[PDB]
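**Q** To start, I am sharing the structure in question, which I have written as structure tokens.
Neighbour counts run over all protein chains shown; Cβ positions are idealised from the backbone, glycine included. Laboratory data are not the source of any read-out in this text; all were calculated from the coordinates shown.
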Amino acid sequence: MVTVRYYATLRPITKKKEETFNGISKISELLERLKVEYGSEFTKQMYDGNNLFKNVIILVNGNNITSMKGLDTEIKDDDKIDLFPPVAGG
């Protein structure tokens, strides 16, 4: 299972609604699913051009997936993803 959080920045992008998903144990499907779930606006808002636009900082399982494998990063029911807004705000 995978859990994702959203702040006031992603509020209007996620309809202030958070939920968990089960089935796959990888970020590949997580990002691919969440990307379409909300749309490109979300992926771009939290990643415009393969990089943070404003300053969106999101960690995975308490460790940036970039450390080892991006979307190839494995995740378990225990793993948890948290999204953090930009130091500025939009």
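**Q** Those residues that are out of contact with any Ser or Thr (no Cβ under 6 Å at 6 or more places or on another chain), closer than 17 Å to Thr3 by Cα and part of a loop (DSSP other than H, G, I, E, B), I need them from segment 78-90; list them, please.
**A** Answer for segment 78-90, where residues must be out of contact with any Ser or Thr (no Cβ under 6 Å at 6 or more places or on another chain), closer than 17 Å to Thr3 by Cα and part of a loop (DSSP other than H, G, I, E, B): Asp78, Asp79.
**Q** Now for a different question. Tally the residues that are more than 13 Å from the chain's Cα centre (by Cα) and among the small types (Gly, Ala, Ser), restricting the search to segment 53-83.
**A** The number of residues fulfilling the criteria is 1.
**Q** Go through (1) surrounded by 12 or more Cβ atoms within 10 Å (Cβ to Cβ); (2) among the aliphatic types (A, V, I, L, M); (3) without any contact (Cβ under 8 Å) to a residue 40 or more places away in the chain one by one and return the number of the condition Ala88 breaks.
**A** (1)
Quick grid of which residues meet (1) surrounded by 14 or more Cβ atoms within 10 Å (Cβ to Cβ); (2) closer than 20 Å to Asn64 by Cβ; (3) aromatic (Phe, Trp, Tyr); (4) more than 12 Å from the chain's Cα centre (by Cα):
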position	(1), (2), (3), (4)
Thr14	yes, no, no, no
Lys17	no, no, no, yes
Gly23	no, no, no, yes
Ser28	yes, yes, no, no
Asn51	no, yes, no, yes
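**Q** Mind counting the residues in segment 36-49 that are surrounded by fewer than 16 Cβ atoms within 10 Å (Cβ to Cβ), without any contact (Cβ under 8 Å) to a residue 24 or more places away in the chain and not small (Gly, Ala, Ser)?
**A** Result for segment 36-49: 5.
A quick yes/no check of all residues on (1) out of contact with any strand residue (DSSP E or B) (no Cβ under 7 Å at 6 or more places or on another chain); (2) within 14 Å of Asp82 (Cα to Cα); (3) charged (D, E, K, R):
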| site | (1), (2), (3) |
| --- | --- |
| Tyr7 | no, yes, no |
| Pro12 | yes, no, no |
| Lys15 | yes, no, yes |
| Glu19 | yes, yes, yes |
| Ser28 | yes, no, no |
| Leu31 | yes, yes, no |
| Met46 | no, yes, no |
| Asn51 | yes, no, no |
| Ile65 | yes, yes, no |
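**Q** Scan segment 66-82 residue by residue and report those that are hydrophobic (A, V, I, L, M, F, W, C) and loosely packed, with under 15 Cβ neighbours inside 10 Å.
**A** Matches in segment 66-82: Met68, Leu71.
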